[PDB]
Amino acid sequence: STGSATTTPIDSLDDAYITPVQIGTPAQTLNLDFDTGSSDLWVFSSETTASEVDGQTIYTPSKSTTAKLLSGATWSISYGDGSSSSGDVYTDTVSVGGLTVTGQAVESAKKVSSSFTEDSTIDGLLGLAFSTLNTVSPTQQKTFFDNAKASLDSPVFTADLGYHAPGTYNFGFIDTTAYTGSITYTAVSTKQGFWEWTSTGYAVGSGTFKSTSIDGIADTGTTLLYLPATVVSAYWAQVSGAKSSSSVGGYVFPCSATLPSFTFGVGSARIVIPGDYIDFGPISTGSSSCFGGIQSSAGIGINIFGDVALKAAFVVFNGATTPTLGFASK
């Protein structure tokens, strides 16, 4: 089997991407944030504290003839940005772009933190990291990909995120029309439960490539590109007037600037992030100070190849017995 679904930016800045997901019988369609940095499929629901729902579409398990309460199971997750959610668990039928899994753990939120409430466009998350990170207790549950894998034509999914435009998540096949040149594959460590890999270096604009190992994670659920302070300083030094602002919480730059590109290495191959992808707009409405899309990972404890990086590439998440990651230009 295979599946193919369109993923759409939530706003004009590509702050996140949503993908429609069918849950239950009859189908209830929710728009979920596909997140290769976590491993829980959780949704706003009829059980969510009323004051914490503001415009989201909810899953109502009592209206699904295939929903079953997973007795005794609870979940609770805290994300790297300080957001969180928790609740109980159903199993139900879940379909993405024509690919169906029966018996998928659907984690129903009883509580969500303010940042989730305030984002009316995101009805939940669909985790695509390794199932060892799943938070369901006392019996850990499998991701959608893990459940689908044996049925797929090939045990892979691909992320093709757009810049200020829709893109595609495919399951079970590689669309050879969706990229240019070849796909370069690189080793993955699953030791921390992430799609963790080592970039071979970077360049700023038309500058020379610096060969240096950068360990990080491929994370569709993180907006920005978080890299070591040395790398980030070298980038922003090429933008007149750019500075790190402790009050704003990162590097900012004059909105009148033209940003240089940023290149990262995948083996001997190179992925080029155009400068415009690094512009996240005014820090507040009407400001002439703009927020940068490349930020320091210092104090995160890990480097994160988030959407700013991934949207410059066609990315293969290869879930074979020994997982690997592939990157192609597009």
Side-chain angles (χ1 to χ4, degrees), residues 5-24 26-38 40-62 64 67 75-90 92 94-97 106-109 112-128 135 144 159 161-169 219-224 248-249 279-287 290-291 293 306-308 310-311:
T6 298
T7 192
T8 303
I10 64 164
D11 63 23
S12 65
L13 299 176
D14 299 346
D15 281 316
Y17 298 77
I18 50 173
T19 308
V21 177
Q22 283 70 51
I23 309 175
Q28 301 180 39
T29 300
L30 276 64
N31 295 328
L32 304 189
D33 185 350
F34 281 24
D35 181 13
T36 63
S38 69
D40 288 49
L41 193 175
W42 74 261
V43 297
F44 277 81
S45 77
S46 56
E47 303 180 326
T48 309
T49 299
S51 67
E52 298 179 349
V53 184
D54 190 3
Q56 294 81 10
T57 294
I58 61 167
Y59 171 57
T60 303
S62 69
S64 174
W75 64 280
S76 180
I77 192 161
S78 304
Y79 297 99
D81 63 352
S83 66
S84 65
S85 52
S86 60
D88 55 19
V89 188
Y90 293 83
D92 209 340
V94 173
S95 299
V96 176
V106 175
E107 302 173 34
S108 168
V112 304
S113 63
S114 60
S115 58
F116 287 116
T117 299
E118 292 160 1
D119 190 353
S120 66
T121 69
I122 294 174
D123 301 326
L125 267 63
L126 190 150
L128 291 167
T135 76
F144 176 81
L161 303 179
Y163 169 65
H164 293 356
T168 305
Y169 282 101
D219 185 2
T220 59
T222 291
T223 313
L224 306 185
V248 176
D279 177 15
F280 280 74
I283 60 172
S284 291
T285 303
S287 181
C290 274
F291 199 70
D307 299 334
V308 163
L310 301 182
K311 78 179 78 171

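Both backbone and side-chain heavy atoms feed into the values below; hydrogens, waters and symmetry mates do not. The first residue of the sequence shown is numbered 1, and numbering continues consecutively from there.
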What's the spacing between [X] [atom1] and [Y] [atom2] if we round to 0.5 Å?
X: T49; Y: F44; atom1: OG1; atom2: CZ; value: 10.5 Å
X: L128; Y: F144; atom1: CG; atom2: CZ; value: 8.5 Å
X: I10; Y: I18; atom1: CD1; atom2: CD1; value: 7.0 Å
X: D40; Y: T135; atom1: CG; atom2: OG1; value: 3.5 Å
X: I77; Y: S38; atom1: CD1; atom2: OG; value: 5.0 Å
X: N31; Y: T7; atom1: CG; atom2: OG1; value: 9.5 Å

Closest non-hydrogen atom pair, [X] against [Y]:
X: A67; Y: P61; value: CB-O, 3.5 Å
X: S85; Y: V112; value: CB-CG1, 4.0 Å
X: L224; Y: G293; value: CB-O, 3.5 Å
X: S64; Y: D92; value: OG-OD2, 2.7 Å
X: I283; Y: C290; value: CG2-C, 4.0 Å
X: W75; Y: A109; value: CZ2-CA, 3.6 Å

Consider only side-chain N and O atoms of [X] and [Y], and report whether a donor and an acceptor are under 3.5 Å apart.
X: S120; Y: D54; value: no
X: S45; Y: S108; value: yes
X: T117; Y: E52; value: no

Results of side chain to side chain contact (heavy atoms under 4.5 Å, CB included) for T6 - residues two or more places apart only: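 In terms of side chain to side chain contact (heavy atoms under 4.5 Å, CB included), with neighbours along the sequence ignored, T6 is linked to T8, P166.
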Under 3.5 Å, side chain of [X] to main-chain N/O of [Y], donor-acceptor pair present?
X: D219; Y: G37; result: yes
X: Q56; Y: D119; result: yes
X: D14; Y: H164; result: yes
X: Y59; Y: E107; result: no
X: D123; Y: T57; result: yes
X: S113; Y: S83; result: no
X: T220; Y: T36; result: yes

Set out, in order, the CA-CA distance, both residues' side-chain angles and the distance that settles side-chain contact (heavy atoms from CB on, under 4.5 Å) for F34 and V21, then state yes or no. CA-CA 10 Å; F34 281 24; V21 177; 3.6 Å; yes
Using the ring-ring contact (aromatic ring centres under 6.0 Å, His included) criterion, which residues pair with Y79? Sequence neighbours excluded.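 So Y79 forms a ring-ring contact (aromatic ring centres under 6.0 Å, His included) with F116.
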Could I get the full list of ring-ring contact (aromatic ring centres under 6.0 Å, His included) partners for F291, not counting sequence neighbours?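 Testing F291 for ring-ring contact (aromatic ring centres under 6.0 Å, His included), a comparison that skips the adjacent residues, returns none.
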Can you tell if the side chain of [X] reaches within under 4.5 Å of the side chain of [Y], non-hydrogen atoms only?
X: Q22; Y: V94; value: no
X: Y169; Y: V96; value: no
X: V43; Y: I23; value: yes

List the steps and the verdict of side-chain contact (heavy atoms from CB on, under 4.5 Å) for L32 and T19. CA-CA 5 Å; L32 304 189; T19 308; 5.9 Å; no
Give the C-alpha distance, both sets of side-chain angles, the deciding distance and a yes or no for side-chain hydrogen bond (donor to acceptor under 3.5 Å, both in side chains) between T223 and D307. CA-CA 5 Å; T223 313; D307 299 334; 4.9 Å; no
Is there a side-chain contact (heavy atoms from CB on, under 4.5 Å) between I58 and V53? Walk through the geometry before answering. CA-CA 9 Å; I58 61 167; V53 184; 4.3 Å; yes
